[PDB]
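*Asks:* One structure, as structure tokens, below. Some questions next.
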Amino acid sequence: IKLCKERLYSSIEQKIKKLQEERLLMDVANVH
Amino acid sequence: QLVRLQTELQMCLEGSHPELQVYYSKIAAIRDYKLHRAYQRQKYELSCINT
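These protein sequences, in sequence, are chains D and H. Using the authors' numbering, the letters of the first sequence correspond one by one to residues 110 to 141. Using the authors' numbering, the letters of the second sequence correspond one by one to residues 204 to 254.
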């Protein structure tokens, strides 16, 4: 159960990092 | 959405948010099942040694 929970959480934190790079590109987009 | 997602993340890393509580009543059943099988093994073995 430890491995399974933290594996799915690794996926959801790659989701949060998806949004990190999202706001990276919108960071340069506000620098525009 | 940052507020909501990190509130759920640090409200869940304790173990209270819905997703982690939908996989925990699905694995406690598996453990209970394995334990029941162990108990039945010992029950049959001991009542065999007896006879």
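Just so you know, even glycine gets a beta-carbon here, dropped at the ideal spot from N, CA and C.
Within the 8 Å Cβ cut-off, does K127 (chain D) reach chain H?
*Replies:* Cβ-Cβ to chain H under 8 Å: no for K127 (chain D).
*Asks:* Along the chain, where does the alpha helix (DSSP H) containing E211 (chain H) start, and where does it finish?
*Replies:* 205-215
*Asks:* Return the CA-CA distance between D235 (chain H) and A241 (chain H), expressed in angstroms with no decimal places.
*Replies:* 10 Å
*Asks:* Just to confirm, is the Cβ distance from residue 281 (chain H) to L223 (chain H) under 8 Å?
*Replies:* Residue 281 (chain H) is absent from the model: chain H starts at 204 and stops at 254.
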